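This is start-v5.cif. It holds mmCIF, C-alpha atoms and all ligand atoms.
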```cif
data_entry
#
loop_
_atom_site.group_PDB
_atom_site.id
_atom_site.type_symbol
_atom_site.label_atom_id
_atom_site.label_comp_id
_atom_site.auth_asym_id
_atom_site.auth_seq_id
_atom_site.Cartn_x
_atom_site.Cartn_y
_atom_site.Cartn_z
ATOM 1 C CA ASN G 1 85.108 131.544 40.542
ATOM 2 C CA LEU G 2 84.746 129.432 43.718
ATOM 3 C CA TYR G 3 82.511 129.579 46.808
ATOM 4 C CA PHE G 4 82.979 128.377 50.404
ATOM 5 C CA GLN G 5 80.139 128.855 52.869
ATOM 6 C CA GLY G 6 82.543 128.786 55.882
ATOM 7 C CA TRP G 7 83.185 126.388 58.775
ATOM 8 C CA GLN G 8 80.415 125.850 61.315
ATOM 9 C CA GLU G 9 81.380 125.641 64.983
ATOM 10 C CA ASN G 10 80.081 122.916 67.326
ATOM 11 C CA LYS G 11 81.550 123.226 70.829
ATOM 12 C CA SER G 12 79.510 120.271 72.098
ATOM 13 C CA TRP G 13 82.267 118.025 70.685
ATOM 14 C CA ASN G 14 84.647 119.411 73.327
ATOM 15 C CA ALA G 15 82.970 117.028 75.786
ATOM 16 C CA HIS G 16 84.755 114.137 74.063
ATOM 17 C CA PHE G 17 88.040 115.948 74.701
ATOM 18 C CA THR G 18 87.296 117.050 78.272
ATOM 19 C CA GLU G 19 85.935 113.579 79.136
ATOM 20 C CA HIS G 20 89.526 112.326 78.749
ATOM 21 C CA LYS G 21 90.985 115.614 80.085
ATOM 22 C CA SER G 22 92.464 116.334 76.665
ATOM 23 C CA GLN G 23 92.713 119.329 74.353
ATOM 24 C CA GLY G 24 92.376 119.326 70.592
ATOM 25 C CA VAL G 25 90.308 119.856 67.477
ATOM 26 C CA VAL G 26 88.255 117.693 65.133
ATOM 27 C CA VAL G 27 87.417 119.010 61.672
ATOM 28 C CA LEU G 28 84.762 117.282 59.536
ATOM 29 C CA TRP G 29 83.814 118.027 55.936
ATOM 30 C CA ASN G 30 80.578 116.729 54.376
ATOM 31 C CA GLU G 31 81.467 116.229 50.714
ATOM 32 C CA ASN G 32 77.944 115.950 49.272
ATOM 33 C CA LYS G 33 76.744 119.140 51.028
ATOM 34 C CA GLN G 34 80.087 121.012 50.964
ATOM 35 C CA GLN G 35 79.712 121.897 54.660
ATOM 36 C CA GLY G 36 82.451 122.010 57.281
ATOM 37 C CA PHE G 37 82.192 121.526 61.035
ATOM 38 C CA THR G 38 84.667 121.886 63.887
ATOM 39 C CA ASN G 39 84.719 122.228 67.670
ATOM 40 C CA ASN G 40 87.385 124.979 67.640
ATOM 41 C CA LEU G 41 87.679 127.250 64.607
ATOM 42 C CA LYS G 42 90.933 128.788 65.861
ATOM 43 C CA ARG G 43 92.749 125.499 66.418
ATOM 44 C CA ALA G 44 91.288 124.087 63.185
ATOM 45 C CA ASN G 45 93.384 126.721 61.397
ATOM 46 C CA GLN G 46 96.500 126.376 63.554
ATOM 47 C CA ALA G 47 99.348 124.803 61.588
ATOM 48 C CA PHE G 48 101.603 122.134 63.137
ATOM 49 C CA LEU G 49 104.385 119.848 62.015
ATOM 50 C CA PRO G 50 102.685 117.083 59.981
ATOM 51 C CA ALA G 51 105.042 114.382 61.419
ATOM 52 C CA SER G 52 103.932 110.937 60.121
ATOM 53 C CA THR G 53 100.877 112.348 58.298
ATOM 54 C CA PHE G 54 103.552 113.497 55.855
ATOM 55 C CA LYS G 55 103.777 109.868 54.692
ATOM 56 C CA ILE G 56 100.747 110.624 52.495
ATOM 57 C CA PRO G 57 102.395 113.307 50.270
ATOM 58 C CA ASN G 58 105.760 111.577 50.613
ATOM 59 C CA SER G 59 104.302 108.272 49.319
ATOM 60 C CA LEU G 60 102.611 110.117 46.423
ATOM 61 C CA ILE G 61 105.842 111.789 45.289
ATOM 62 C CA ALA G 62 107.959 108.652 45.733
ATOM 63 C CA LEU G 63 105.512 106.663 43.597
ATOM 64 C CA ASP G 64 105.164 109.365 40.947
ATOM 65 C CA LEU G 65 108.939 109.672 40.520
ATOM 66 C CA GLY G 66 109.663 105.948 40.413
ATOM 67 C CA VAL G 67 111.419 105.901 43.774
ATOM 68 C CA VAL G 68 108.678 103.355 44.587
ATOM 69 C CA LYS G 69 107.800 101.027 41.720
ATOM 70 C CA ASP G 70 104.546 99.735 43.250
ATOM 71 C CA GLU G 71 103.044 98.665 46.563
ATOM 72 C CA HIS G 72 104.901 95.302 46.517
ATOM 73 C CA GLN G 73 108.491 96.562 46.209
ATOM 74 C CA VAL G 74 110.433 95.478 49.291
ATOM 75 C CA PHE G 75 112.528 98.013 51.226
ATOM 76 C CA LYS G 76 115.081 95.961 53.141
ATOM 77 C CA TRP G 77 115.662 96.819 56.789
ATOM 78 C CA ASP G 78 119.022 98.579 57.081
ATOM 79 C CA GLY G 79 120.181 96.644 60.163
ATOM 80 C CA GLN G 80 119.763 99.438 62.740
ATOM 81 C CA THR G 81 117.708 98.167 65.687
ATOM 82 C CA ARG G 82 115.313 100.997 66.603
ATOM 83 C CA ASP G 83 112.944 101.418 69.526
ATOM 84 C CA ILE G 84 109.782 100.571 67.553
ATOM 85 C CA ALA G 85 110.049 96.836 66.915
ATOM 86 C CA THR G 86 107.852 96.707 63.803
ATOM 87 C CA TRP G 87 110.383 99.024 62.115
ATOM 88 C CA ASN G 88 113.106 96.368 62.511
ATOM 89 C CA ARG G 89 112.147 94.287 59.481
ATOM 90 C CA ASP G 90 111.523 94.495 55.750
ATOM 91 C CA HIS G 91 108.568 96.507 54.485
ATOM 92 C CA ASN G 92 106.654 97.446 51.376
ATOM 93 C CA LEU G 93 104.551 100.594 50.930
ATOM 94 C CA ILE G 94 101.484 99.030 52.572
ATOM 95 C CA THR G 95 103.235 97.887 55.741
ATOM 96 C CA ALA G 96 105.590 100.889 55.849
ATOM 97 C CA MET G 97 102.519 103.060 56.153
ATOM 98 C CA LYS G 98 100.574 100.775 58.499
ATOM 99 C CA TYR G 99 103.504 100.704 60.931
ATOM 100 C CA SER G 100 104.639 104.307 60.244
ATOM 101 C CA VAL G 101 108.194 103.210 59.391
ATOM 102 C CA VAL G 102 110.102 106.506 59.391
ATOM 103 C CA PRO G 103 113.475 105.189 58.098
ATOM 104 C CA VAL G 104 111.906 103.846 54.898
ATOM 105 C CA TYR G 105 110.317 107.254 54.276
ATOM 106 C CA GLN G 106 113.519 109.126 55.171
ATOM 107 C CA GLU G 107 115.201 107.136 52.384
ATOM 108 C CA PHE G 108 112.350 108.056 49.998
ATOM 109 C CA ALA G 109 112.978 111.675 50.969
ATOM 110 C CA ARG G 110 116.733 111.538 50.330
ATOM 111 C CA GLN G 111 116.147 109.936 46.906
ATOM 112 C CA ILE G 112 113.445 112.491 46.062
ATOM 113 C CA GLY G 113 115.859 115.271 47.023
ATOM 114 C CA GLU G 114 115.267 118.899 48.005
ATOM 115 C CA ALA G 115 114.359 120.427 44.658
ATOM 116 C CA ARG G 116 111.749 117.837 43.666
ATOM 117 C CA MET G 117 110.275 117.688 47.183
ATOM 118 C CA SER G 118 109.850 121.466 47.258
ATOM 119 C CA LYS G 119 108.362 121.620 43.753
ATOM 120 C CA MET G 120 105.844 118.839 44.460
ATOM 121 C CA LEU G 121 104.624 120.337 47.747
ATOM 122 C CA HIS G 122 104.052 123.633 45.950
ATOM 123 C CA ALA G 123 102.020 121.799 43.306
ATOM 124 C CA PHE G 124 100.090 120.107 46.131
ATOM 125 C CA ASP G 125 99.426 123.500 47.807
ATOM 126 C CA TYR G 126 100.454 121.572 50.922
ATOM 127 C CA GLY G 127 100.488 123.549 54.154
ATOM 128 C CA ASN G 128 103.065 126.314 54.166
ATOM 129 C CA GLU G 129 105.061 124.520 51.408
ATOM 130 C CA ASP G 130 108.337 125.062 53.346
ATOM 131 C CA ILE G 131 110.788 122.151 53.473
ATOM 132 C CA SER G 132 113.579 124.021 55.321
ATOM 133 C CA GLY G 133 115.721 121.700 57.373
ATOM 134 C CA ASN G 134 117.126 118.243 56.741
ATOM 135 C CA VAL G 135 115.743 116.796 53.500
ATOM 136 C CA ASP G 136 115.087 113.555 55.427
ATOM 137 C CA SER G 137 113.441 114.989 58.552
ATOM 138 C CA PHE G 138 111.919 118.428 57.796
ATOM 139 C CA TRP G 139 108.357 117.144 58.426
ATOM 140 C CA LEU G 140 109.608 116.049 61.871
ATOM 141 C CA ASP G 141 111.773 118.966 62.999
ATOM 142 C CA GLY G 142 112.015 121.521 60.182
ATOM 143 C CA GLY G 143 109.920 124.291 58.686
ATOM 144 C CA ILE G 144 106.811 122.646 57.205
ATOM 145 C CA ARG G 145 103.496 123.386 58.925
ATOM 146 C CA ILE G 146 99.918 122.317 58.115
ATOM 147 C CA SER G 147 96.594 122.925 59.812
ATOM 148 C CA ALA G 148 93.673 120.537 60.143
ATOM 149 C CA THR G 149 91.652 122.508 57.583
ATOM 150 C CA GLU G 150 94.627 122.455 55.201
ATOM 151 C CA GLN G 151 94.873 118.669 55.639
ATOM 152 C CA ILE G 152 91.209 118.427 54.536
ATOM 153 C CA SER G 153 91.867 120.528 51.405
ATOM 154 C CA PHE G 154 94.823 118.304 50.456
ATOM 155 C CA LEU G 155 92.891 115.090 51.167
ATOM 156 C CA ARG G 156 89.920 116.207 49.055
ATOM 157 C CA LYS G 157 92.232 116.567 46.066
ATOM 158 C CA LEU G 158 93.717 113.108 46.665
ATOM 159 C CA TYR G 159 90.237 111.580 46.966
ATOM 160 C CA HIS G 160 89.190 113.118 43.620
ATOM 161 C CA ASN G 161 92.501 112.226 41.864
ATOM 162 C CA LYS G 162 93.026 115.986 41.337
ATOM 163 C CA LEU G 163 96.611 116.261 42.599
ATOM 164 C CA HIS G 164 99.328 116.849 40.003
ATOM 165 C CA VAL G 165 100.643 113.302 40.021
ATOM 166 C CA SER G 166 99.418 110.273 38.106
ATOM 167 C CA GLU G 167 95.999 108.757 38.819
ATOM 168 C CA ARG G 168 97.813 105.473 39.512
ATOM 169 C CA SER G 169 100.011 107.111 42.153
ATOM 170 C CA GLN G 170 96.908 108.506 43.841
ATOM 171 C CA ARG G 171 95.056 105.158 43.690
ATOM 172 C CA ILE G 172 98.052 103.347 45.200
ATOM 173 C CA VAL G 173 98.302 105.747 48.146
ATOM 174 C CA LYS G 174 94.553 105.571 48.829
ATOM 175 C CA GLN G 175 94.995 101.779 48.913
ATOM 176 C CA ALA G 176 97.875 102.103 51.404
ATOM 177 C CA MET G 177 95.781 104.504 53.499
ATOM 178 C CA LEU G 178 93.199 101.746 54.046
ATOM 179 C CA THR G 179 92.699 101.493 57.814
ATOM 180 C CA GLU G 180 89.323 99.930 58.514
ATOM 181 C CA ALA G 181 86.385 98.607 56.507
ATOM 182 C CA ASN G 182 83.124 96.866 57.357
ATOM 183 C CA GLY G 183 79.559 96.738 56.065
ATOM 184 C CA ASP G 184 78.903 100.360 57.113
ATOM 185 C CA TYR G 185 82.007 102.357 56.178
ATOM 186 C CA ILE G 186 85.563 102.481 54.870
ATOM 187 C CA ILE G 187 88.207 104.594 56.637
ATOM 188 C CA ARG G 188 91.290 105.724 54.716
ATOM 189 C CA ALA G 189 93.501 107.704 57.041
ATOM 190 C CA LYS G 190 96.965 108.286 58.475
ATOM 191 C CA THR G 191 98.013 108.674 62.113
ATOM 192 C CA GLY G 192 100.761 110.950 63.383
ATOM 193 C CA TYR G 193 102.621 111.708 66.603
ATOM 194 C CA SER G 194 104.807 114.847 66.656
ATOM 195 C CA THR G 195 107.410 114.672 69.438
ATOM 196 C CA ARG G 196 110.708 116.245 68.280
ATOM 197 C CA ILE G 197 109.511 119.871 68.655
ATOM 198 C CA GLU G 198 107.038 121.393 71.098
ATOM 199 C CA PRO G 199 104.083 121.230 71.372
ATOM 200 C CA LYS G 200 103.726 117.444 71.249
ATOM 201 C CA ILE G 201 100.551 116.526 69.346
ATOM 202 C CA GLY G 202 98.787 113.525 67.876
ATOM 203 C CA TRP G 203 97.224 113.632 64.403
ATOM 204 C CA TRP G 204 94.629 111.548 62.576
ATOM 205 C CA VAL G 205 93.583 112.664 59.085
ATOM 206 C CA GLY G 206 91.655 110.912 56.343
ATOM 207 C CA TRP G 207 88.064 110.231 55.401
ATOM 208 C CA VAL G 208 85.061 107.965 56.000
ATOM 209 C CA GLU G 209 83.511 106.453 52.879
ATOM 210 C CA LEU G 210 79.782 105.678 53.028
ATOM 211 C CA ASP G 211 77.470 104.221 50.378
ATOM 212 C CA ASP G 212 76.665 107.653 48.944
ATOM 213 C CA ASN G 213 78.803 110.255 50.702
ATOM 214 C CA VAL G 214 82.320 110.879 51.969
ATOM 215 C CA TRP G 215 83.145 112.617 55.247
ATOM 216 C CA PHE G 216 86.669 113.994 55.408
ATOM 217 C CA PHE G 217 88.233 114.460 58.832
ATOM 218 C CA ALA G 218 91.344 115.976 60.368
ATOM 219 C CA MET G 219 92.087 115.994 64.078
ATOM 220 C CA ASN G 220 94.988 116.861 66.294
ATOM 221 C CA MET G 221 95.305 116.953 70.057
ATOM 222 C CA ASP G 222 97.892 117.714 72.709
ATOM 223 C CA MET G 223 99.870 114.546 73.492
ATOM 224 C CA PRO G 224 102.329 115.016 76.370
ATOM 225 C CA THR G 225 102.745 111.251 76.802
ATOM 226 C CA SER G 226 102.161 108.300 74.490
ATOM 227 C CA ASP G 227 99.603 106.914 76.979
ATOM 228 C CA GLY G 228 96.734 108.640 75.195
ATOM 229 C CA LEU G 229 97.673 107.817 71.613
ATOM 230 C CA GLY G 230 94.530 105.685 71.244
ATOM 231 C CA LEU G 231 92.499 108.825 71.936
ATOM 232 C CA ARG G 232 93.233 110.068 68.405
ATOM 233 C CA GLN G 233 90.960 107.410 66.901
ATOM 234 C CA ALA G 234 88.664 107.100 69.909
ATOM 235 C CA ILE G 235 87.758 110.787 70.168
ATOM 236 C CA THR G 236 87.343 111.096 66.395
ATOM 237 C CA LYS G 237 84.968 108.127 66.335
ATOM 238 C CA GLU G 238 82.968 109.567 69.236
ATOM 239 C CA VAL G 239 82.412 112.684 67.134
ATOM 240 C CA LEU G 240 81.594 110.503 64.128
ATOM 241 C CA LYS G 241 79.119 108.540 66.249
ATOM 242 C CA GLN G 242 77.530 111.714 67.640
ATOM 243 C CA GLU G 243 77.010 113.128 64.133
ATOM 244 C CA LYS G 244 75.462 109.777 63.040
ATOM 245 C CA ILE G 245 78.161 109.214 60.402
ATOM 246 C CA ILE G 246 79.086 105.752 61.719
ATOM 247 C CA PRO G 247 76.856 103.530 63.915
HETATM 248 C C1 LIG P 1 104.622 109.688 63.062
HETATM 249 O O1 LIG P 1 104.053 110.735 63.357
HETATM 250 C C2 LIG P 1 105.579 109.023 64.023
HETATM 251 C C3 LIG P 1 105.267 107.538 64.009
HETATM 252 N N1 LIG P 1 103.866 107.453 63.654
HETATM 253 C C4 LIG P 1 103.122 107.002 64.655
HETATM 254 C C5 LIG P 1 101.605 106.891 64.531
HETATM 255 O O2 LIG P 1 101.162 106.746 63.373
HETATM 256 O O3 LIG P 1 100.838 106.944 65.523
HETATM 257 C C6 LIG P 1 103.881 106.666 65.693
HETATM 258 S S1 LIG P 1 103.344 106.135 67.184
HETATM 259 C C7 LIG P 1 104.085 104.509 67.525
HETATM 260 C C8 LIG P 1 103.828 103.604 66.329
HETATM 261 N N2 LIG P 1 102.568 102.884 66.611
HETATM 262 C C9 LIG P 1 102.335 102.886 68.076
HETATM 263 C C10 LIG P 1 100.896 103.278 68.337
HETATM 264 O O4 LIG P 1 100.270 103.907 67.488
HETATM 265 N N3 LIG P 1 100.325 102.916 69.494
HETATM 266 C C11 LIG P 1 100.980 102.117 70.523
HETATM 267 C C12 LIG P 1 98.959 103.297 69.820
HETATM 268 C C13 LIG P 1 103.360 103.849 68.689
HETATM 269 C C14 LIG P 1 105.332 106.835 65.368
HETATM 270 C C15 LIG P 1 105.983 107.620 66.502
HETATM 271 C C16 LIG P 1 106.986 109.259 63.518
HETATM 272 C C17 LIG P 1 107.318 110.739 63.485
HETATM 273 O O5 LIG P 1 107.918 108.563 64.351
HETATM 274 CL CL CL P 2 107.420 109.950 58.615
HETATM 275 CL CL CL P 3 91.202 99.561 48.824
#
```
What is this structure when it is put down as structure tokens?
Ligand SMILES: *C(=O)[C@@H]([C@@H]1NC(C(=O)O)=C(S[C@@H]2CN[C@H](C(=O)N(C)C)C2)[C@@H]1C)[C@@H](C)O
Ligand SMILES: [Cl-]
Ligand SMILES: [Cl-]
Amino acid sequence: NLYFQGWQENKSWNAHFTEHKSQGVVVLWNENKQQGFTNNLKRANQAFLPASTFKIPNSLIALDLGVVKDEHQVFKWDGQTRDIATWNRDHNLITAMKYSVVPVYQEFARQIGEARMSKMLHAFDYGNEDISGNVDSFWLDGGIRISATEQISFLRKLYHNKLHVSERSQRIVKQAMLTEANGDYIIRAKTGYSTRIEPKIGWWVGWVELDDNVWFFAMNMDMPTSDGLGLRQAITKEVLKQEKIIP
């Protein structure tokens, strides 16, 4: 009923990791040609905590259930001064995602509740579909795990409005995922940094929109310290540049 030609390996991309003495994986998917490429087929399929990349499915469910009315609704800061300054202020869905404001999304999670969260992730075919742990932190220190190639599968459904939520919900999240746009490309993506449970990793998942194609990407990389957080985007763009996807 369905055909997949199989990922193609390209170890030459490891130079962009070793150049910064880093370890990780980049996965690319050419949508027009239905071809996949990665520097490490084993790590492409290794599943990790999604950490803040969970804001994508969390946003979708919150919108679809009415927990979030639209992208303008204001979520008032609760008063708790936290170590990331941009969290210590009011937010809407756009800025809550831009600044990765965990406490706003923890509230979403509590209002969604266990049963609806579990049912929706099953409908999404998201990762291992396991929400064991605190309803408001399981994507940070509980049971859910997702690999880079699984992030691509999920993102392809979101891109095509094929997830089992409303088209509007999907359009709103793709708007909030907007990260960069110029005359050559649009990037819709979400960063992540998983620290509560070993191993500490950085994530960047999303896609590059071109005039007549879309390249999906999912990367993660070992991140012992926050010093190399910028390497998530930098390494990914080096691979994009090498493959001639962006100038
Ligand atoms: C998500 O995984 C964690 C938060 N999300 C992110 C992120 O998207 O990178 C961070 S990192 C923090 C916020 N922005 C700063 C940054 O990106 N640089 C200085 C480069 C640092 C949060 C930790 C969530 C689980 O806390
Ligand atoms: Cl989060
Ligand atoms: Cl947009």
Give me the result of the PyMOL selection byres (((not hetatm)) within 9 of (chain P and resi 3)) on this file, residue by residue, as an NGL selection string. :G and (171-172 or 174-178 or 186 or 188)
Around ligand LIG 1 (chain P), out to 7 Å and counting all atoms listed in the file, which residues are there? I want them as a VMD selection string. chain G and resid 51 to 53 84 99 to 102 140 190 to 194 229 to 230
Exercise: residue 206 of chain G partners within 10 Å, all atoms listed in the file, chain neighbours under 2 positions left out, as a PyMOL selection string: chain G and resi 28+53+56+151-152+154-156+159+174+177-179+187-191+204+208-209+215-219
Applied to the shown file, which residues does the PyMOL selection byres (((chain G and resi 113-118) around 8) and not hetatm) return, written as a PyMOL selection string? chain G and resi 61+109-112+119-122+129-131+135
Just write the chosen residues, C-alpha atoms, as a PDB file, in the frame of the given file.
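Result file is part_5.pdb:
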```pdb
ATOM      1  CA  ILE G  61     105.842 111.789  45.289  1.00  0.00           C
ATOM      2  CA  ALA G 109     112.978 111.675  50.969  1.00  0.00           C
ATOM      3  CA  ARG G 110     116.733 111.538  50.330  1.00  0.00           C
ATOM      4  CA  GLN G 111     116.147 109.936  46.906  1.00  0.00           C
ATOM      5  CA  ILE G 112     113.445 112.491  46.062  1.00  0.00           C
ATOM      6  CA  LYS G 119     108.362 121.620  43.753  1.00  0.00           C
ATOM      7  CA  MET G 120     105.844 118.839  44.460  1.00  0.00           C
ATOM      8  CA  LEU G 121     104.624 120.337  47.747  1.00  0.00           C
ATOM      9  CA  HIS G 122     104.052 123.633  45.950  1.00  0.00           C
ATOM     10  CA  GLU G 129     105.061 124.520  51.408  1.00  0.00           C
ATOM     11  CA  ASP G 130     108.337 125.062  53.346  1.00  0.00           C
ATOM     12  CA  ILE G 131     110.788 122.151  53.473  1.00  0.00           C
ATOM     13  CA  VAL G 135     115.743 116.796  53.500  1.00  0.00           C
TER      14      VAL G 135
END
```
List the neighbours of residue 37 of chain G out to 10 Å using all atoms listed in the file; skip same-chain residues closer than 6 positions along the sequence, and give me the result as a PyMOL selection string. chain G and resi 6-11+26-30+44+217
For the residues in the current selection, export C-alpha atoms as a PDB file, keeping the file's coordinate frame.
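Result written to out.pdb:
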```
ATOM      1  CA  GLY G   6      82.543 128.786  55.882  1.00  0.00           C
ATOM      2  CA  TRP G   7      83.185 126.388  58.775  1.00  0.00           C
ATOM      3  CA  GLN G   8      80.415 125.850  61.315  1.00  0.00           C
ATOM      4  CA  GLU G   9      81.380 125.641  64.983  1.00  0.00           C
ATOM      5  CA  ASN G  10      80.081 122.916  67.326  1.00  0.00           C
ATOM      6  CA  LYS G  11      81.550 123.226  70.829  1.00  0.00           C
ATOM      7  CA  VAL G  26      88.255 117.693  65.133  1.00  0.00           C
ATOM      8  CA  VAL G  27      87.417 119.010  61.672  1.00  0.00           C
ATOM      9  CA  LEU G  28      84.762 117.282  59.536  1.00  0.00           C
ATOM     10  CA  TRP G  29      83.814 118.027  55.936  1.00  0.00           C
ATOM     11  CA  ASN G  30      80.578 116.729  54.376  1.00  0.00           C
ATOM     12  CA  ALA G  44      91.288 124.087  63.185  1.00  0.00           C
ATOM     13  CA  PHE G 217      88.233 114.460  58.832  1.00  0.00           C
TER      14      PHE G 217
END
```
List the neighbours of residue 21 of chain G out to 12 Å using all atoms listed in the file; skip same-chain residues closer than 5 positions along the sequence, and give me the result as a compact mmCIF listing (two decimals) with C-alpha atoms, in the frame of the given file.
```
# COMPACT_ATOMS: atom_id res chain seq x y z
CA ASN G 14 84.65 119.41 73.33
CA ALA G 15 82.97 117.03 75.79
CA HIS G 16 84.76 114.14 74.06
CA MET G 221 95.30 116.95 70.06
CA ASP G 222 97.89 117.71 72.71
CA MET G 223 99.87 114.55 73.49
CA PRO G 224 102.33 115.02 76.37
CA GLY G 228 96.73 108.64 75.19
CA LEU G 231 92.50 108.82 71.94
CA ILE G 235 87.76 110.79 70.17
```
For residue 210 of chain G, work out the shell of residues within 7 Å, counting all atoms listed in the file and skipping chain neighbours fewer than 4 positions away, then give it as a list in words.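 Close residues of residue 210 of chain G: residues 184, 185, 186 and 214 of chain G.
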Listed atoms of segment 187-190 of chain G boxed along x, y and z, 4 Å each side, centre and edge lengths in Å, one decimal, as JSON:
```
{"center_x": 92.6, "center_y": 106.4, "center_z": 56.6, "size_x": 16.8, "size_y": 11.7, "size_z": 11.8}
```
G:182, G:80, G:59, G:220: which is nearest ligand CL 2 (chain P), counting only C-alpha atoms and all ligand atoms? G:59
Write out as a PyMOL selection string which residues come within 10 Å of segment 62-65 of chain G when counting all atoms listed in the file, dropping same-chain ones fewer than 3 positions away. chain G and resi 55+57-59+68-71+93+105+107-109+111-112+116-117+164-170+172-173
Taking all atoms listed in the file into account, name the residue in G:77, G:207, G:139, G:17 that is nearest to ligand CL 2 (chain P).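 Of all the options, G:139 lies closest to ligand CL 2 (chain P).
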Determine, counting all atoms listed in the file, every residue of protein, DNA or RNA that lies within 9 Å of (99.2, 123.9, 54.1) in the file coordinates, then give the result as a list in words. residues 47, 124, 125, 126, 127, 128, 129, 144, 145, 146, 147, 148, 149, 150, 151, 153 and 154 of chain G
Using only C-alpha atoms and all ligand atoms, which of the listed residues (G:96, G:2, G:234, G:25) sits closest to ligand CL 2 (chain P)?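 Under the stated criterion, the closest residue is G:96.
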Between G:106, G:134, G:225, G:213, which residue has the minimum interatomic distance to ligand CL 2 (chain P), considering all atoms listed in the file? G:106
Compare G:138, G:54, G:203, G:87 by their minimum atom-to-atom distance to ligand CL 2 (chain P), counting only C-alpha atoms and all ligand atoms, and give me the closest one.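 The answer is G:54, which sits nearest to ligand CL 2 (chain P).
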For segment 158-174 of chain G, supply N, CA and C atoms and report the output as a PDB file, keeping the file's coordinate frame.
```
ATOM      1  N   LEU G 158      93.294 114.496  46.826  1.00  0.00           N
ATOM      2  CA  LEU G 158      93.717 113.108  46.665  1.00  0.00           C
ATOM      3  C   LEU G 158      92.519 112.208  46.385  1.00  0.00           C
ATOM      4  N   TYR G 159      91.436 112.389  47.151  1.00  0.00           N
ATOM      5  CA  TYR G 159      90.237 111.580  46.966  1.00  0.00           C
ATOM      6  C   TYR G 159      89.717 111.670  45.537  1.00  0.00           C
ATOM      7  N   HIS G 160      89.725 112.872  44.958  1.00  0.00           N
ATOM      8  CA  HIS G 160      89.190 113.118  43.620  1.00  0.00           C
ATOM      9  C   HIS G 160      90.231 112.950  42.513  1.00  0.00           C
ATOM     10  N   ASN G 161      91.411 112.404  42.830  1.00  0.00           N
ATOM     11  CA  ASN G 161      92.501 112.226  41.864  1.00  0.00           C
ATOM     12  C   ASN G 161      92.910 113.539  41.193  1.00  0.00           C
ATOM     13  N   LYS G 162      92.780 114.668  41.905  1.00  0.00           N
ATOM     14  CA  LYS G 162      93.026 115.986  41.337  1.00  0.00           C
ATOM     15  C   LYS G 162      94.427 116.514  41.602  1.00  0.00           C
ATOM     16  N   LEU G 163      95.249 115.803  42.369  1.00  0.00           N
ATOM     17  CA  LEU G 163      96.611 116.261  42.599  1.00  0.00           C
ATOM     18  C   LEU G 163      97.441 116.090  41.325  1.00  0.00           C
ATOM     19  N   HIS G 164      98.520 116.863  41.222  1.00  0.00           N
ATOM     20  CA  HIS G 164      99.328 116.849  40.003  1.00  0.00           C
ATOM     21  C   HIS G 164     100.393 115.759  40.090  1.00  0.00           C
ATOM     22  N   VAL G 165      99.897 114.531  40.229  1.00  0.00           N
ATOM     23  CA  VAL G 165     100.643 113.302  40.021  1.00  0.00           C
ATOM     24  C   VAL G 165      99.712 112.357  39.273  1.00  0.00           C
ATOM     25  N   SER G 166     100.221 111.187  38.906  1.00  0.00           N
ATOM     26  CA  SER G 166      99.418 110.273  38.106  1.00  0.00           C
ATOM     27  C   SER G 166      98.218 109.742  38.900  1.00  0.00           C
ATOM     28  N   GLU G 167      97.136 109.413  38.177  1.00  0.00           N
ATOM     29  CA  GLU G 167      95.999 108.757  38.819  1.00  0.00           C
ATOM     30  C   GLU G 167      96.445 107.492  39.544  1.00  0.00           C
ATOM     31  N   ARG G 168      97.318 106.704  38.905  1.00  0.00           N
ATOM     32  CA  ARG G 168      97.813 105.473  39.512  1.00  0.00           C
ATOM     33  C   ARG G 168      98.486 105.748  40.853  1.00  0.00           C
ATOM     34  N   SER G 169      99.367 106.749  40.895  1.00  0.00           N
ATOM     35  CA  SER G 169     100.011 107.111  42.153  1.00  0.00           C
ATOM     36  C   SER G 169      98.969 107.391  43.224  1.00  0.00           C
ATOM     37  N   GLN G 170      97.929 108.148  42.868  1.00  0.00           N
ATOM     38  CA  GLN G 170      96.908 108.506  43.841  1.00  0.00           C
ATOM     39  C   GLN G 170      96.118 107.276  44.288  1.00  0.00           C
ATOM     40  N   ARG G 171      95.745 106.403  43.337  1.00  0.00           N
ATOM     41  CA  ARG G 171      95.056 105.158  43.690  1.00  0.00           C
ATOM     42  C   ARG G 171      95.903 104.289  44.612  1.00  0.00           C
ATOM     43  N   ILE G 172      97.205 104.190  44.350  1.00  0.00           N
ATOM     44  CA  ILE G 172      98.052 103.347  45.200  1.00  0.00           C
ATOM     45  C   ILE G 172      98.108 103.890  46.633  1.00  0.00           C
ATOM     46  N   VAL G 173      98.234 105.207  46.791  1.00  0.00           N
ATOM     47  CA  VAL G 173      98.302 105.747  48.146  1.00  0.00           C
ATOM     48  C   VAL G 173      96.966 105.582  48.870  1.00  0.00           C
ATOM     49  N   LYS G 174      95.847 105.796  48.179  1.00  0.00           N
ATOM     50  CA  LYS G 174      94.553 105.571  48.829  1.00  0.00           C
ATOM     51  C   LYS G 174      94.385 104.112  49.250  1.00  0.00           C
TER      52      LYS G 174
END
```
